[PDB]
Amino acid sequence: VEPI
Amino acid sequence: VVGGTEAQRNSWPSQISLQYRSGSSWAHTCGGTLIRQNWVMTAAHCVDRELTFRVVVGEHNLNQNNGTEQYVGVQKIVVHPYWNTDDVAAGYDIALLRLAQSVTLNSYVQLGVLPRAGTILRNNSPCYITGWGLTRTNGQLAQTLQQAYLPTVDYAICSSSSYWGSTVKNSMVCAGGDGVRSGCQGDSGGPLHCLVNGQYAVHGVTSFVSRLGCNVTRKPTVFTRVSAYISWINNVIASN
Ligand SMILES: [Ca+2]
């Protein structure tokens, strides 16, 4: 996942 | 926020801009929610870096004087004890910031309303994500606060194979995933405002998106479920  | 619209400047008064000092200026890095005159709720991954942070309340346009801003330094950072920087999918992506001073409340600066402990939203519940995050995957930050309508996707559906699978935990809230609208870098730590009983409450803290991109079909934006941390939040504030 990509932390935003 | 990808696929958002510009928010009216007095729609989300609990939204704050978390910024860090970079050289001789300040740079917006994340969002947050004002929960006490001297406390801000944000994502743990937003503050697990060794930077100097400040909070800006009453903010609308990051690049122009709005005549409503209040700037305050961060005095203490309390990250959830179970947070692990290299395991975002585990959850616990939440942190509380005690401000150096208590901000003044007005039409542009208000406390965010948090849901009762344990509250779970029905599937497809109306919510709005807000923030100054990228307006496109690998794009750039918005100048003015953006908002996007992101209906919730319940745990059962969100944790299914076609969606996030086991990546999502029950301690999280999923919203959106229509492939057009979503949160994106820079929105992290910010609020997910959901309408319940005629009142908007902050049910989520923006946490993560897909590796494929911000706005990806069946990959709704994932938020830390605020109602799962009410006790923790109260415990921290009461002891600090
Ligand atoms: Ca401004």
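## Observations concerning the UniProt feature "active site" in chain B
All names here are of chain B. As recorded in UniProt, the sites labelled "active site" are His45, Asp93 and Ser188. Spanning 144 residues, the annotated positions come together in the fold, the maximum distance between their C-alpha atoms being 9.8 Å. Here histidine 45 lies in the loop between β4 (39–42) and β5 (53–57). Looking at where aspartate 93 falls in the secondary structure, it is placed in the loop between β6 (70–79) and β7 (95–99). On the basis of relative accessibility, which here comes to 1%, the residue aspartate 93 falls in the buried class. For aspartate 93, the residues in contact, after removing those within four places along its chain, are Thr42, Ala43, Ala44, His45, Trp83, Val88, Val205, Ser207 and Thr224. Within the structure, the side chain of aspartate 93 is placed 2.8 Å from the backbone nitrogen of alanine 44, a separation counted as a polar contact.

## A short note on empty space enclosed by the protein
In this approach, a probe sized like a water molecule rolls over the atoms, and the result shows the empty space that is left. Residues and elements named next belong to chain B. In this model, the largest cavity occupies a volume close to 80 Å³. Residue lining of the largest cavity: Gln8, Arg9, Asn10, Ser11, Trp12, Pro13, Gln15, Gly58, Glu59, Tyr108, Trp132 and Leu145, and that is the complete set. Taken together, the residues of the lining of the largest cavity break down into five nonpolar, five polar and two charged. Split by domain, the lining of the largest cavity shows at least three residues from each of two domains, domain 1 (1–12 + 112–227) and domain 2 (13–111 + 228–240).

## Regarding the coordination of the calcium ion
All names here are of chain B. Listed as protein donors to the calcium ion are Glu59 (OE), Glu59 (OE), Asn61 (O), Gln64 (O), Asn66 (OD1) and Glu69 (OE); their distances from the metal cover 2.5 to 3.0 Å. Classification of the site at the calcium ion rests on its six donor atoms, whose angles at the metal span 46 to 169°, yielding the label irregular. Here the donor residues of the calcium ion share one chain and are spaced in sequence as E-x1-N-x2-Q-x1-N-x2-E. Accessibility expressed as a relative area gives 17% for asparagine 66, which makes it buried.

Definitions and limits used
Residues numbered from 1 in each chain as written, not as in the entry; some residues may be left out. Chains lettered and ligands numbered in written order. Heavy atoms only, no water. Residues with missing side-chain atoms left out of burial classes, pairs and counts. UniProt positions renumbered as here; feature names shortened; annotations may be inferred. Helix = DSSP H or I, 4+ residues; strand = E, 2+ residues; numbered from the N terminus. Buried < 20%, exposed > 50% of the residue type's maximum accessible area, 1.4 Å probe, protein only. Contact = heavy atoms within 4.5 Å. Polar contact = N/O pair within 3.5 Å; in protein donor to acceptor, adjacent residues only side chain to side chain. 1 Å grid on protein atoms, 1.4 Å probe; cavity = no way out; pocket = protein on both sides within 12 Å on 5 of 7 lines; lining within 4 Å. Points joined across faces, edges and corners; volume = space filled by probe spheres on them. Nonpolar A, V, L, I, M, F, W, Y, C, P; charged D, E, K, R; others polar. Domains from an automatic or database assignment. Donors = N, O, S within 2.8 Å, 3.2 Å for Na, K, Ca; no water. Tetrahedral: all angles 85-135°; square planar, octahedral: opposite > 155°, others 65-115°.

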